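Coming up is one lone chain in structure tokens, specifically the form deposited in one PDB entry.
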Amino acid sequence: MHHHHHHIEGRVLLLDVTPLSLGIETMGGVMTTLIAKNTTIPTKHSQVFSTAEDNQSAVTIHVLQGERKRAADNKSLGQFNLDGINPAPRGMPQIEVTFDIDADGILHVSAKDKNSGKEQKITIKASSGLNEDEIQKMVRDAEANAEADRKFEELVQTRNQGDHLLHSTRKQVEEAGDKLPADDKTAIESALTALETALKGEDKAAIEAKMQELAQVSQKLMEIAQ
């Protein structure tokens, strides 16, 4: 006797639901959703995130509310800081961010360093403002821009992948005095400047091609100097 008259919703009378999605801002200005809309309070989500660059001592938890992928197109609840992270390469540290909304509708956002054991913790309301004309306007707007939103997401991904290489190679440009051959660092310079201008923009794996081009130039020097 398994599943019949055993089913599940999804809808619970005595409890509130989240009017619209809640999350944090991540590199590239992208909203990473933690608690999705129409989620029934109380709810809790705990997830690990990391620093966006090498030797980074601090991160800003930025709480966003909305269905848009672009952070700026989402309502910004509030933000706080967590510092005192032992330096380490980009992606190395482990920051546990937790969104816990209680029965009263109070969002408890916390960020913890799994290394130091240090945690900054705040509460904020998800229930303020709103007024469903607003909510519906927001979600409808999200429905309108959905394609552009997804495109933007993949774009940002490729982008940050490029930014990492930019910062890296630029930080790796001088291993020693004049160790890197002269006039190579010139073409390299025009290359990565033209890369900074390659992303203020829209497109594409074109950037990616530029990246796979700029990886193998100084790769000579660097690899032989390893």
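Residue numbers run from 1 along the displayed sequence. Superpose the two forms; the largest set of C-alphas matching within 1.5 Å is the rigid core.
Keep in mind that the form deposited in another entry is not shown, yet the notes after this line are about it.
- Annotation: Cα of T51 displaced by less than 2 Å between this form and the one not shown, core superposition.
- Relative to the superposed core, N160 undergoes a C-alpha shift of no less than 2 Å between this form and the one not shown.
- If you fit the rigid core between this form and the one not shown, you'll see the Cα of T32 move by less than 2 angstroms.
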